[PDB]
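Below is one structure, written out as structure tokens; comments come after it.
Order of the sequence lines fixes the chain letters, A, B, ..., with proteins taken first and strands second; residue numbering starts at 1 for each chain. Atom set for the values below is all heavy atoms of this structure, side chains included, hydrogens, waters and symmetry mates excluded.
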Amino acid sequence: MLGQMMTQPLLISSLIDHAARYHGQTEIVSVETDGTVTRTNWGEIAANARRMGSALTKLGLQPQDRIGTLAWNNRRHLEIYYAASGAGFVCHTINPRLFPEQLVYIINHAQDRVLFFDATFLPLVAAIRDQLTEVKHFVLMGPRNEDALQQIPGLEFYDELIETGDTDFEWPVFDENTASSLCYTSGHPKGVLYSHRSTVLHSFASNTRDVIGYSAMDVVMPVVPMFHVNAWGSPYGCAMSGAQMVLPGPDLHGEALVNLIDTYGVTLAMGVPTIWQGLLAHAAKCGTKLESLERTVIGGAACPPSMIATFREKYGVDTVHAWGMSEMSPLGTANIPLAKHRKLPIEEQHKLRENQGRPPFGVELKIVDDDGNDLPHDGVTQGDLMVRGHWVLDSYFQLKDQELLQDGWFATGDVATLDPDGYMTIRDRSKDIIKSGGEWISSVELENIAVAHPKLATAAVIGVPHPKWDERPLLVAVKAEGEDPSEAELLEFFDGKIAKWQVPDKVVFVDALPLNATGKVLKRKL
Amino acid sequence: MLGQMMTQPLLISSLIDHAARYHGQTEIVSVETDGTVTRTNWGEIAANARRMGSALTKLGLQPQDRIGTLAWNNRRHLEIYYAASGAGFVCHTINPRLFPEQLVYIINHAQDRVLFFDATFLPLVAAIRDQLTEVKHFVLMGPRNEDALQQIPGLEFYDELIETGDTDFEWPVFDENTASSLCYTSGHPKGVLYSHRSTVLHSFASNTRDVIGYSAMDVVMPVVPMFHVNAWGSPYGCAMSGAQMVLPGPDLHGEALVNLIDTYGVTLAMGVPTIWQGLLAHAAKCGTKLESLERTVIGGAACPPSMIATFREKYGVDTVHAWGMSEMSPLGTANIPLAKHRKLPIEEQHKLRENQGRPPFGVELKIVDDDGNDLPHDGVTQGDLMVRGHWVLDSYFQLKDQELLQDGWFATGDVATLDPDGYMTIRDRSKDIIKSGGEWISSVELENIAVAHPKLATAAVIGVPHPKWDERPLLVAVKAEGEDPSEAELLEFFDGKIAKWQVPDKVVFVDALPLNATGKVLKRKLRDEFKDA
Ligand SMILES: Nc1ncnc2c1ncn2[C@@H]1O[C@H](COP(=O)(O)OP(=O)(O)O)[C@@H](O)[C@H]1O
């Protein structure tokens with residue numbers, strides 16, 4: 001027997017409609033590439049998104065065609081998010097800091113039919129343009145620019161394309177499991193293809209109070225890029241709650257960020273540690289209080305504890321350490337305390353804020369041993385982190401037969417501990433660990449010693465099996481030009497640079513490593 | 001082309017599993033019927049829920065059979081919530097304050113096969129038992145009690161039935177649009193048949209900051225009964241967040257509630273206005289500061305503005321005024337500020353927290369006129385309030401094809417304004433609005449002015465017939481403790497706050513307002529009692 005409630009698909013276009021309906025005047029600030037600052041609002045972004053969704057449809061694109069972006073956090077990128085997905089296309093956010101050969105691969109593999117880009121990346125797009133066979137419209141995210149048209153003959157312009165859209169466009173209605181957007185990971189990059197369902201449930205979860213939780217009273221500054229992992233979902237979550245937004249565009253250095261916070265009264269800022277280090281450096285120099293800032297979200301790389309202490313003690317700002325990855329849309333955990341934590345001594349309360357955090361409803365975590373078996377969640381045993389839930393991927397884009405999931409779970413590639421309350425601690429990368437009995441050994445830490453040897457051009461380190469220690473490191477070295485180092489002096493080089501028991505057991509000389517389409521397939525091991 | 005994400009049904013059983021995995025030691029306090037206090041936790045509620053779900057599966061029940069409850073807010077009720085819905089049955093909470101004859105109607109119309117009930121209602125179930133012929137299991141929520149076995153032959157006992165369930169029961173996996181739970185709302189009462197998907201989506205919305213947002217650090221005390229729209233969703237939202245809970249049991253008078261707040265450190269409490277009058281009344285007498293209380297959710301009836309002021313001014317407690325209905329499972333609107341409001345003068349800011357609030361993502365509101373056409377959302381025009389969304393009902397139980405919706409909207413029966421910011425103001429239920437002269441009078445606006453008088457503890461305004469004006473407002477007032485206002489000064493208190501012709505013509509004094517089964521003023525019996533003068 002089914003329930004008797006209204007049923008409605010969980011569509012991304014319903015988020016922007018809600019912001020337009022009940023928060024249409026709520027202010028959104030957009031730092032443009034030409035130095036301009038746009039003052040717009042959710043209502044205007046919704047109208048532009050609808051009109052651009054019509055304009056995209058009138059190009060004759062097919063349902064779920066990919067729409068690529070190479071763009072900063074700005075109002076036109078926010079509009080494309082809703083325009084592409086809302087109209088039933090796939091919003092494909094591309095990282096413009098990648099190497100050109102990586103962009104060529106991603107754009108062609110995704111088969112973006114449209115490529116929106118910001119003016120910053122005009123030389124970059126012009127350079128790879130002739131390798132981008134499948135792209136039918138190149139669109140600068142601004143108005144007609146004659147120098148731009150010189151670099152890319154045939155270029156189109158956002159501010160002209162949008163005027164071709166019908167002003168009374170109606171979002172189509174489709175199955176909520178329809179593909180919505182696309183983000184590639186760091187061999188080649190692999191694309192994770194989100195649905196409207198997974199996006200919307202992820203925003204729901206992120207909008208809860210113990211995860212991030214956007215309020216309409218917030219001024220939210222996503223410094224995390226919209227070009228990677230959806231800016232942690234904040235373009236979706238801030239629409240759900242009608243939060244104010246400050247989109248910082250290309251100027252992400254410390255002085256510009258501190259000025260955005262103080263000029264617009266940012267209450268919630270989201271970034272990664274390197275960007276925050278620039279912000280904290282400037283703030284300490286100019287003596288600002290960051291008066292309006294209440295809390296920050298830091299994810300993407302391990303949040304340093306002394307950064308948490310700085311925000312807390314200099315500024316009275318709480319730091320949410322959050323963890324995730326492209327494959328989880330991105331949010332996996334967030335470090336918020338539990339009730340029982342108020343009764344610990346204040347200093348123990350501070351160290352509890354340091355790990356990657358606890359998972360919200362909708363995501364489940366476990367750690368497994370090297371044969372796939374569950375390990376206790378005692379906070380001390382280390383295992384391969386496995387995840388599943390409503391916004392974890394099932395398979396990579398154009399790669400379904402590769403049996404990604406293991407017993408319905410996704411292997412993150414991280415080694416972690418998990419305590420009984422699900423607080424997770426990244427410890428290592430599964431692919432980097434050689435499981436020498438007793439203490440494990442990092443392969444890259446051994447490589448970085450080895451490649452620094454002046455008589456070695458390069459070298460690789462692999463775990464190779466051993467009858468007593470299970471897995472032991474082997475050094476695969478290629479001698480520097482005109483040099484002939486002995487095995488003994490290469491291993492002697494490790495003396496004092498690392499514990500003796502981690503030194504590779506044997507040296508093997510190759511004249512070259514066997515390359516994949518760029519890196520080294522050390523699965524040989526043969 | 002579909003996405004390539006894991007897809008899993010939105011099941012109520014994943015809420016309790018999540019709480020057991022990651023909040024398994026988070027504490028839940030349960031005031032029991034006998035007079036005892038159980039200290040348990042989500043891990044324990046979940047293990048008992050899993051095992052009760054096994055035991056109910058072994059009774060032979062068929063998928064989505066109704067499991068009825070007549071119960072207070074306590075650990076066993078919470079366990080049944082998850083045991084029943086998790087096992088694929090329909091958790092049917094029944095209000096034990098209805099007349100026994102209404103209960104017979106409801107239980108037969110819903111065809112409950114199992115009837116869990118607290119010891120408080122042993123007499124009442126024994127009296128109406130012979131008219132509940134489709135109930136196969138009467139389960140006292142407690143251990144074997146031979147006196148109980150006396151009043152009800154064949155009576156089974158919760159603490160015996162649960163031990164029949166496997167300790168390793170795996171929840172079944174079924175369509176998220178499967179019926180999960182049923183609540184009757186008031187001709188005859190009608191059933192609202194919720195689904196697992198609607199339930200989980202409503203829990204997601206209630207857990208946002210600007211609605212309620214239960215935190216793992218909250219101590220949550222729902223005084224709202226788990227038989228009134230599932231205690232406003234809180235057994236689901238709290239499980240989703242792993243909040244601590246205080247389940248108050250049978251004693252909901254002010255002194256009992258004050259003691260629970262101070263004894264267990266309640267941070268967030270939720271209830272209809274009348275339960276907050278007793279609490280605030282007693283708190284003023286004993287002098288408590290309600291130290292742990294941070295927040296309150298007050299809805300079901302209009303929160304008096306002076307009640308909001310008291311919590312804010314006297315306790316530093318912020319009151320979230322919220323509106324909803326059984327048909328919206330229940331959340332419709334919640335009153336939280338917008339950023340713009342922080343610039344306004346401080347008392348325009350207090351003023352904006354008085355209305356019923358603004359809708360969250362998942363809910364849509366509009367008002368329509370008597371012909372059904374849209375009305376401006378200008379904050380002043382009045383119309384019939386209409387709703388649609390992910391947790392709004394499509395049709396009533398056993399009444400699937402009866403043209404309930406108007407162009408896909410559900411008609412709430414409330415008269416309201418809606419402002420351009422989406423804030424909703426209840427003018428009145430359609431049934432209580434007063435038609436005096438040629439214009440409508442909001443009884444709700446009138447009573448809340450009267451309640452604010454410092455010499456009244458509470459008050460109600462009702463329309464009574466008048467030979468010239470059709471009907472006229474009557475002030476039914478309750479004198480505050482230590483106060484003795486005259487009729488005239490209560491009437492003069494209205495001057496300037498409302499049009500002259502809207503001031504009630506007369507005051508009558510009563511010791512208490514008659515309350516219905518959800519603690520709302522029974523204005524119908526007030527209109528009967530005072531049909532003269
Ligand atoms: N904050 C509120 N202010 C005024 N009325 C309210 C409020 N919240 C709920 N209600 C009223 O209660 C109604 C919903 O429930 P009701 O009709 O009393 O039966 P039930 O609560 O069992 O659904 C609403 O339609 C509205 O009339």
Side-chain angles (χ1 to χ4, degrees), chain A residues 1-8 15 18 21-22 26 63-64 90 175 177-180 192-198 201 204-205 207-210 213-219 240-242 244 336-340 342 358-359 361 364 388-397 400 420-422, chain B residues 1-8 14-15 18 21-27 63-64 90 175 177-180 193-198 204-205 207-210 213-217 219 240-242 244 336-339 342 358-359 361 364 388-397 400 421-422:
Chain A
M1 180 191 276
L2 304 165
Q4 294 174 36
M5 312 298 293
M6 298 183 186
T7 57
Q8 168 183 358
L15 276 54
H18 169 81
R21 196 155 45 233
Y22 295 116
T26 299
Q64 291 83 63
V90 167
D175 176 357
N177 279 321
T178 305
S180 57
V192 343
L193 186 68
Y194 312 106
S195 65
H196 289 254
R197 176 175 175 106
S198 70
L201 295 169
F204 267 133
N207 215 20
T208 61
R209 167 184 316 258
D210 281 7
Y214 309 93
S215 161
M217 297 174 291
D218 274 312
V219 178
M240 270 187 41
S241 304
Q244 294 199 29
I336 296 294
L338 300 174
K340 70 190 163 206
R342 310 318 215 185
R358 40 179 269 238
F361 173 74
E364 200 191 343
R388 61 172 188 184
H390 290 285
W391 53 85
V392 175
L393 98 174
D394 176 73
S395 64
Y396 290 115
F397 191 49
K400 295 206 265 287
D421 285 308
Chain B
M1 173 174 75
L2 304 180
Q4 288 175 236
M5 314 297 291
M6 295 183 191
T7 57
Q8 151 192 3
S14 57
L15 299 177
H18 170 84
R21 270 192 302 272
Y22 300 123
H23 305 279
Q25 304 295 316
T26 293
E27 155 162 9
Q64 288 87 66
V90 175
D175 199 300
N177 284 307
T178 300
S180 57
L193 191 68
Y194 310 112
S195 70
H196 291 255
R197 170 188 176 96
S198 65
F204 267 133
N207 259 319
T208 68
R209 272 183 139 86
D210 289 357
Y214 308 95
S215 177
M217 285 166 298
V219 179
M240 173 182 302
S241 302
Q244 284 153 318
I336 291 292
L338 307 171
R342 81 174 41 112
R358 52 179 173 90
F361 173 77
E364 201 182 346
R388 68 170 177 196
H390 289 289
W391 49 86
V392 177
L393 93 58
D394 180 84
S395 68
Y396 288 106
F397 184 58
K400 283 225 259 175
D421 287 322

Taking every non-hydrogen pair under 4.5 Å, which of [options] racks up the most with chain B?
options	value
A/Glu364, A/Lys340, A/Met240	A/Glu364
A/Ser215, A/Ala205, A/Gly422	A/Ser215
A/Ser195, A/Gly213, A/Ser180	A/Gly213
A/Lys400, A/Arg21, A/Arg342, A/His196	A/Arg21
A/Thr7, A/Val192, A/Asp175, A/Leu15	A/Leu15
A/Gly389, A/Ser198, A/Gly3, A/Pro63	A/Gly3

Identify the heavy atoms of A/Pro337 and B/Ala216 that sit nearest to each other, and give their distance.
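Reported closest heavy-atom pair: O-CB, 4.2 Å.
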Distance-only, no hydrogens or angles: does the [X] side chain make a donor-acceptor pair with backbone N or O of [Y] under 3.5 Å?
X	Y	value
B/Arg209	A/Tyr214	no
B/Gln64	A/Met1	yes
B/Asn207	A/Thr208	no
B/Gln4	A/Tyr396	yes
A/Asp210	B/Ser241	no

Could you tell me the separation between the CD atom of B/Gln25 and the CG atom of A/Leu338, rounded to the nearest 0.5 Å?
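B/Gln25 CD to A/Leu338 CG: 11.5 Å, rounded to 0.5 Å.
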Take A/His390 and B/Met6 through the side chain to side chain contact (heavy atoms under 4.5 Å, CB included) test and state the conclusion after the steps.
CA-CA 6 Å; A/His390 290 285; B/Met6 295 183 191; over 6 Å; no
Under 4.5 Å from any heavy atom of chain B - which part of [X]:
X	result
A/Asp421	both
A/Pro420	backbone
A/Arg358	side chain
A/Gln244	side chain

Parallel, tilted or perpendicular: which one describes the rings of B/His18 and A/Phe361, with boundaries at 30° and 60°?
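Geometry flag for A/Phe361 against B/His18: perpendicular rings.
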Report yes if the side chains of B/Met5 and A/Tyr194 come closer than 4.5 Å at any heavy-atom pair, otherwise no.
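Of all side-chain heavy-atom pairs linking A/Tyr194 with B/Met5, at least one is under 4.5 Å.
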